[PDB]
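Asker: A structural model of the following input is requested.
(chains A and B, ligands or ions: 19)
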Number of protein chains: 2
Amino acid sequence: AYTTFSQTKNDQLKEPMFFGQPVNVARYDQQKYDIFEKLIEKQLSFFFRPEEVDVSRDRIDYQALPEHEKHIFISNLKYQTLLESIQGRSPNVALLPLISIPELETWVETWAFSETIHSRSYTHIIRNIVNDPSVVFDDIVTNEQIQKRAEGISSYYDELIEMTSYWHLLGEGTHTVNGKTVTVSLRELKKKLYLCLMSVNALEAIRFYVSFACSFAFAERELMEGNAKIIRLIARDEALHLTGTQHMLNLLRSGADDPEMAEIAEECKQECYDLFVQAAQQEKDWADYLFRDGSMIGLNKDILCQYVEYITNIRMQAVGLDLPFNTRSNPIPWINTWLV
Amino acid sequence: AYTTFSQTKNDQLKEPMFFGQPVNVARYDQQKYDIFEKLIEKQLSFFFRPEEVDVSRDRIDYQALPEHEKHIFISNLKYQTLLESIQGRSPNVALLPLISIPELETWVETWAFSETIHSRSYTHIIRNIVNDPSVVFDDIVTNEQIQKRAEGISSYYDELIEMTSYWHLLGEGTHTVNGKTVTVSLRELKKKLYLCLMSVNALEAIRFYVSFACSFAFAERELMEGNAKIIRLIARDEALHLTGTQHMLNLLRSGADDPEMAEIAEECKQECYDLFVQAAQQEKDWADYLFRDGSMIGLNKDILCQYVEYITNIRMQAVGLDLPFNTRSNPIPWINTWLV
Ligand SMILES: [Fe+3]
Ligand SMILES: [Fe+3]
Ligand SMILES: [Fe+3]
Ligand SMILES: [Fe+3]
Ligand SMILES: [Hg+2]
Ligand SMILES: [Hg+2]
Ligand SMILES: [Hg+2]
Ligand SMILES: [Hg+2]
Ligand SMILES: [Hg+2]
Ligand SMILES: [Hg+2]
Ligand SMILES: [Hg+2]
Ligand SMILES: [Hg+2]
Ligand SMILES: [Hg+2]
Ligand SMILES: [Hg+2]
Ligand SMILES: [Hg+2]
Ligand SMILES: [Hg+2]
Ligand SMILES: [Hg+2]
Ligand SMILES: [Hg+2]
Ligand SMILES: [Hg+2]
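Answerer: Residues are numbered from 1 along each chain as shown, chains lettered A, B, ... in the order given. Ligands and ions are numbered 1, 2, ... in the order given. Below, you will see the structure:
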């Protein structure tokens, strides 16, 4: 079972990242993997207050926007708000019960906390550009075009969480529950974690970044500048989150942290590849719904699909997956002015 | 049954604090109880960076400190470190999966996050006053006297977590797990959550404050000035945390939230009372160990016991419980100087 304070004195430097003894003492004078301590420090140094950013001129810019451009901006904003809602709670609920080294535990909480600041940031923006925020927030849960993503994301988390509970409650083996056989395998749980981490890595590395291009395109035309300033701060944080997931995945696949995981990762290689491409395709399909009533200056369906493939190739190569698209240089070099 | 993003469009203003539909959209433009949004805002305004606080002078003070005084200072520090390690992760693992309103969800994550900063604060202090931090940190896990005082904390959380897992996995009813009859009652789960909350209230409002008195006793001597600055920052946060738990508990008691919780609070009033009496005794029994090699002017077993009864009565009255101890004046008025 899981415990909030394992009574066994253990060498936290020798535990695997996940599935080892639950973390007891929270100390930061030493780490098995210093990268996580460096990320905690950097993230703490990046704390910011959304409410302090002036977004008053965004309201007029928005109202002045053509109806199709308002649709593009608001749709994108809703999607970002959805992702931050999930990322503020999920890393904690899903990973905290499985982490066995202190630096990773605190990094996860720090990462999750920064995501909640991002959510508060979007509330700040929304309240400053529309008369009734409720209109926007309610459309997030039910928007068909948006939910054809949250579902896939929430699924990986939910499945991992459920299997984690069965593991902590019953342990490994073949069990019976109300007339049904329930099999609990640590190997399958480890796979569920790897798949979930790969999914979150794509979320942090591609899903967020595709939306940033949408927001900064307005900023290039000197519009929605308050929103832009807030997005730059958020993007600065996501870069850290992506560094974290990449290190977790690379440490797990190399076999240096857990030989079994490396074995499992090699085995589900094609699955992770498809999972990554699927996310890229979902971002691609959004472009259609996004630019249905027309596109705008500096951004269109074609340019967006190009950027998705460009970014996807980079991210997949970063975690050892084959490149799914033809190589090319950045289709929108101007984005570099706004990104880390 | 738990999900990271419930697909049902629900009015978050009408959900109960706990056990309702899992929070989907993280919005901060409105709230059922604005007190939690006010707490989030305040806690964010109190963000501080421990490592900035100079504690080099503390090393000198500590070493030049009389042996028995080093024992008192270090023992108190190790207990505080234990509580922060627990409080940094527990609210998230035990409460997040059960919260149903966005303002409370984020407050818990913000509260827990601040506790991790407190943990980092203690690493900063420990690493700077001792030659080998590993001796201190490892003793935290094995020290029978420390685990004796904290007995009951991790246990409560762990029980709530297991029962919560059974609830999410099997739902309400009587089940058969591996041939054993397992009963899952929402009513009983609610009781467990309520008692866990009263326990955390006692931890935040009593256990932390008794430790602050020991720390400030040195500050009164113009010693351990760096530690003192940090403890003042920590105390500032704990005041918000206990304000939060007192409000959660009293709102539940009022019957304005979940009607069943009002019934439960009433039914287990003797249990609530017993929790405090037990905790108070634990804090007192700790005196024997703390002052085993001698005490200090103004800080001894009798004074500690008087302070424990003093603060316990104050805290119990704040949540509507009868007072177990004889009424009395503050035995250490000098502490007011350091608090608030
Ligand atoms: Fe974010
Ligand atoms: Fe992120
Ligand atoms: Fe604390
Ligand atoms: Fe606290
Ligand atoms: Hg996931
Ligand atoms: Hg995940
Ligand atoms: Hg756009
Ligand atoms: Hg885009
Ligand atoms: Hg995989
Ligand atoms: Hg994948
Ligand atoms: Hg594409
Ligand atoms: Hg393309
Ligand atoms: Hg508890
Ligand atoms: Hg609790
Ligand atoms: Hg004390
Ligand atoms: Hg009860
Ligand atoms: Hg009670
Ligand atoms: Hg009570
Ligand atoms: Hg006493």
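
Asker: OK, contacts around the closest residue to ligand 4 within the stretch 151-300 of chain A?
Answerer: Closest contact between the stretch 151-300 of chain A and ligand 4, by CB to the ion, is at residue A:237 (24.9 Å). In short, each C-beta sits where N, CA and C put it, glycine included. Each residue near residue A:237 by CB atoms under 8 Å, 6 or more residues apart in numbering or on different chains is listed here: A:43, A:46, A:114, A:118.

Asker: Now the helix or strand encompassing it: buried residues?
Answerer: Element membership for residue A:237 (DSSP states H and E) is helix A:225-254. Burial within helix A:225-254, assessed by neighbour count using 16 or more other CB atoms under 10 Å in any protein chain shown, is assigned to A:225-249, A:251-253.

Asker: what's the spacing between that helix and its chain's center?
Answerer: Offset of helix A:225-254 from its chain centre (CA atoms, centre = their mean, to the nearest Å): 8 Å.

Asker: for stretch A:100-107, same thing?
Answerer: Relative to its chain's centre, stretch A:100-107 lies at 18 Å (CA atoms, centre = their mean).

Asker: is it up against ligand 6 anywhere?
Answerer: No: Stretch A:100-107 lies out of reach of ligand 6 by CB under 5 Å from the ion, never closer than 12.9 Å.

Asker: One more: stretch A:261-273?
Answerer: No: counting by CB under 5 Å from the ion, ligand 6 has no neighbours in stretch A:261-273; the shortest distance is 12.8 Å.

Asker: can you list contacts of that stretch?
Answerer: By CB under 8 Å, 6+ apart, the list of residues contacting stretch A:261-273 reads A:187, A:190-191, A:194-195, A:198, A:252-255, A:316, A:319, A:321-322, A:324.

Asker: Repeat the analysis, applying 7 Å as the threshold.
Answerer: A:187, A:190, A:191, A:194, A:195, A:198, A:252, A:253, A:254, A:255, A:321, A:322 (CB atoms under 7 Å, 6 or more residues apart in numbering or on different chains).

Asker: Please check these and keep the buried ones.
Answerer: A:190, A:191, A:194, A:195, A:198, A:252, A:253, A:321.

Asker: what's the closest of those to residue A:53?
Answerer: Distance to residue A:53 across these (CB to CB) is lowest for residue A:198, with 33.3 Å.

Asker: Could you confirm whether stretch A:152-164 reaches chain B?
Answerer: Yes: counting by CB under 7 Å from any CB of the partner chain, chain B has neighbours in stretch A:152-164: A:154, A:157, A:158, A:161, A:162.

Asker: Please confirm that the first one is located within a helix.
Answerer: Spelled out, it's residue A:154. Yes: Residue A:154 sits within a helix when classified using DSSP: H, G, I helix; E, B strand; the rest coil.

Asker: Skip the chain neighbours and tell me the closest residue to the residue in the stretch 1-150 of chain A that ligand 7 sits nearest to.
Answerer: Taking CB to the ion, ligand 7 has its nearest neighbour within the stretch 1-150 of chain A at residue A:72, 4.5 Å off. Closest residue in space to residue A:72, ignoring its immediate chain neighbours: residue A:290 at 5.6 Å, by CB to CB, 6 or more residues apart in numbering or on different chains.

Asker: isn't that neighbour right up against residue A:77?
Answerer: No: using CB atoms under 7 Å as the test, residue A:290 is too far from residue A:77 to be in contact (11.8 Å).

Asker: So which residues on chain A come close to ligand 7?
Answerer: Residues of chain A lying near ligand 7 (CB under 5 Å from the ion): A:72, A:214, A:217, A:299.

Asker: where's the second one relative to ligand 19, distance?
Answerer: What it means is residue A:214. 65 Å (CB to the ion, to the nearest Å).

Asker: How far off centre is the one helix or strand that residue maps to?
Answerer: Using DSSP H and E, residue A:214 sits within helix A:208-220. Here helix A:208-220 shows a centroid-to-chain-centroid distance of 17 Å under the convention CA atoms, centre = their mean.

Asker: is ligand 12 contacted by that helix?
Answerer: No: Helix A:208-220 lies out of reach of ligand 12 by CB under 5 Å from the ion, never closer than 12.2 Å.

Asker: Show me what that helix is packed against.
Answerer: Under the contact criterion of 3 or more CB pairs under 7 Å, 6 or more residues apart in numbering or on different chains; DSSP states H and E, helix A:208-220 touches helix A:67-90, helix A:225-254, helix A:301-318.

Asker: how does it look with 10 Å?
Answerer: The elements that helix A:208-220 packs onto, with contact taken as 3 or more CB pairs under 10 Å, 6 or more residues apart in numbering or on different chains; DSSP states H and E, are helix A:56-64, helix A:67-90, helix A:225-254, helix A:269-290, helix A:301-318.

Asker: Name the nearest residue to residue A:51, sequence neighbours excluded.
Answerer: Using CB to CB, 6+ apart, the closest residue to residue A:51 is residue A:124 (5.6 Å).

Asker: wait, does the helix or strand harbouring the one you found make contact with ligand 5?
Answerer: For residue A:124, the element it lies in under DSSP H and E is helix A:102-129. No: figure legend: helix A:102-129 not in contact with ligand 5 (CB under 5 Å from the ion); closest approach 12.6 Å.
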